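In structure tokens, one chain follows: the form deposited in one PDB entry.
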């Protein structure tokens, strides 16, 4: 049989994959005046913690660089993620081509290897000017991610943004105003874009677990008259009953004395 119990279910777990375009087309001046402030305001708005939002961060250009792994100290502690941004401001100058497909493939690899948290919202934030090394290859992997229930938000950065491609990879529809998947203003707009993707929702549900079969009833405690016997079973779940006692009779006892 089965056991029923109540529990509260929220969507507080979010695995957030921040993919940052560091290619030459972004440009150094844009890196400093636009990209770094965008990353700061974005990350400053995120409530990181072990049990809630976990940050992953990748820098893509000629190559890809995994900067922050899911679950690490820098992944779950806001101040530490911000220090990584500071390191990028001070020591990284954009150069090279744009390995956008490879960065998105890192997210695929997480899902494939089951590195993500099973119950977590999967959210990719892609910051780019929208000029990848291969247009179709980038669209293809983004599409595969969406098919696996990954949410994708695109933030436009860089001196020369291709809004057509950014909107395309974000899944914006032609003729529709206010695409909910693409922002190209400041960090405030980007934060407001991200908000509905990660808003907390708590509901009260009823849960069910299979307790498994019982072992056979034991013999009666007495060999005549009234007694008790029991049956047991392994605990296949915390809520499951494992022992059970009942009455039993073995005819009548003799009259003596």
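Residue numbers count along the first chain shown, from 1. Take the two forms, superpose them, and find the largest set of C-alpha atoms that agree within 1.5 Å; that set is the rigid core.
Unshown form deposited in another entry; subsequent notes refer to it.
Compared between the shown form and the other one on the core, the listed residues 47, 33, 228, 188 keep their C-alpha shifts below 2 Å, save 228. The two forms, fitted on the rigid core, differ between the shown form and the other one by 2 Å or more at the CA of residue 218. Remark: with the core as the superposition reference, the CA shift of residue 11 between the shown form and the other one stays below 2 Å. Superposition on the rigid core between the shown form and the other one places the CA atom of residue 206 2 Å or more away from its counterpart.
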